[PDB]
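Numbering (the working numbering), first residue to last: 4 to 280. Note that CB positions come from ideal geometry on N, CA and C, so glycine has one too.
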Ligand SMILES: C=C1[C@@H]2CC[C@H]3[C@]4(C)C[C@H](O[C@@H]5O[C@H](CO)[C@@H](OS(=O)(=O)O)[C@H](OS(=O)(=O)O)[C@H]5OC(=O)CC(C)C)CC(C(=O)O)(C(=O)O)[C@H]4CC[C@]3(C2)[C@H]1O
């Protein structure tokens, strides 16, 4: 019975952790993909910053709208953990070398394991991230999407199954790069430095995330990029390199907020239950 309750309570912890940081997350998504919104006509004028995004979004839509799409983040836990509880340890020993043998082999092992497991999860999961991004992106001025199922329906009707999986490759590569830089920077520096490593890894692997999400944005529209590389080149050529880093600061804010609320809830969990879930 221990596993069922552990699964449910882990679900609760993750749900609260993500829900608490949901507004700044949606702000991140809005600032990141604003140009696509401008092309689609969803947005009127570009966001001046985080504060401006907060003010405009709150004024036009309201307070609860800051949690738009969060349901996907809440549901996403269950299939993710189910696949990880079943395959992650198996995949780790599949590509894994002992750290005592060598570092060049072990590191590659981590890259392969993380990449394969991440891709395997995204094979079932990516739809929810897509729906999350799209639901966070469409803003009332008449909303583009009515809900989650509406996103699924209309995306399938317009683009098919391909539309649900926009930016899969740069997401996998993004996971690999983020992982490698995380473990590299962390092992090079050897509990505050962990947040520094996370911030660095997220910031350095951020352009791939931007490309991914904007590729998600191109879904359903008449015009789309000819791949992740074409997307990257077009973005850099049209808006500049810095445009690849839109929403990165808000992402960091999301990181510190998430850290805060997960710490607090972990303490409450400590008081109530013997151990954290
Ligand atoms: C291109 C990018 C940027 C860089 C890579 C990813 C993540 C950071 C990649 C990150 O990827 C996580 O990286 C962690 C640190 O190595 C790793 O932890 S560890 O194994 O214990 O070491 C997690 O593996 S897991 O098996 O425990 O669960 C892994 O999550 C997944 O593999 C779940 C997949 C469904 C993604 C997950 C995630 C996160 O912010 O945490 C998430 O899905 O929320 C991504 C956000 C989106 C981007 C941002 C993707 O757009």
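Compare the C-alpha of residue i against each of the options and name the closest.
i           : options               : result
residue 9   : 30, 50, 48 and 81     : 81
residue 120 : 108, 85 and 52        : 85
residue 58  : 26, 234, 43 and 79    : 26
residue 122 : 172, 143 and 104      : 172
residue 225 : 105, 166, 102 and 21  : 166
residue 254 : 202, 238, 274 and 263 : 202
residue 262 : 230, 212, 199 and 206 : 199
residue 110 : 151, 187, 37 and 48   : 187
residue 206 : 242, 233 and 251      : 251
residue 44  : 147, 208 and 24       : 147
residue 145 : 151, 46 and 90        : 46
residue 60  : 108, 140 and 101      : 140
residue 49  : 150, 242 and 267      : 242
residue 13  : 83, 192 and 100       : 83
Would you grab the beta carbon distance between residue i and residue j for me? Rounded to a whole angstrom, and I think it's under 8 Å.
i           : j           : result
residue 223 : residue 162 : 6 Å
residue 96  : residue 183 : So it is not a contact: roughly 20 Å between Cβ atoms.
residue 221 : residue 39  : 7 Å
residue 78  : residue 131 : 6 Å
residue 64  : residue 143 : 5 Å
Measure the C-alpha to C-alpha separation of residue i and residue j and round it to an integer number of angstroms.
i           : j           : result
residue 280 : residue 259 : 21 Å
residue 269 : residue 228 : 43 Å
residue 93  : residue 87  : 9 Å
residue 7   : residue 76  : 20 Å
residue 20  : residue 257 : 11 Å
residue 195 : residue 265 : 15 Å
residue 155 : residue 74  : 14 Å
residue 272 : residue 278 : 7 Å
residue 112 : residue 103 : 13 Å
residue 174 : residue 274 : 38 Å
residue 238 : residue 168 : 20 Å
residue 230 : residue 170 : 8 Å
residue 211 : residue 72  : 22 Å
residue 234 : residue 5   : 47 Å
residue 129 : residue 208 : 18 Å
residue 91  : residue 62  : 44 Å
residue 232 : residue 276 : 49 Å
For residue i, is the beta carbon positioned less than 7 Å from some heavy atom of ligand 1?
i           : result
residue 160 : no
residue 196 : no
residue 181 : yes
residue 118 : no
residue 87  : yes
residue 249 : no
residue 174 : yes
residue 228 : no
residue 131 : no
residue 211 : yes
residue 252 : no
residue 203 : no
residue 178 : yes
residue 125 : yes
residue 185 : yes
residue 121 : yes
residue 215 : yes
residue 279 : no
residue 246 : no
residue 208 : yes
residue 83  : yes
residue 91  : yes
residue 128 : yes
May I ask you to check if the CB of residue i is nearer than 7 Å to at least one heavy atom of ligand 3?
i          : result
residue 80 : Inclusion of ligand 3 in the displayed structure is not the case, the ligand content consisting of ligand 1 alone.
For residue i, would you say it is in contact with chain D, using Cβ-to-Cβ distances shorter than 8 Å as the test?
i          : result
residue 39 : In the displayed structure, chain D is absent; only one protein chain is listed.
**Prompt:** Touching or not, the stretch 214-230 and the stretch 119-137, by the rule of three or more beta carbon pairs under 8 Å?
**Reply:** The stretch 214-230, when compared against the stretch 119-137, does touch it at the 8 Å Cβ threshold.
**Item:** Meets three-Cβ-pair contact criterion under 8 Å: the stretch 106-119 and the stretch 167-184
**Value:** Because the criterion of three Cβ pairs below 8 Å is met, the stretch 106-119 and the stretch 167-184 touch.
**Item:** Inter-stretch contact (C-beta, 8 Å, three-pair minimum) for the stretch 67-74 and the stretch 238-249
**Value:** Touching, no, given that fewer than three Cβ pairs across the two stretches are closer than 8 Å.
**Request:** Kindly confirm or deny that the stretch 24-32 and the stretch 48-63 touch, where touching means at least three C-beta pairs closer than 8 Å.
**Result:** In this structure the stretch 24-32 touches the stretch 48-63; the number of beta carbon pairs closer than 8 Å is three or more.
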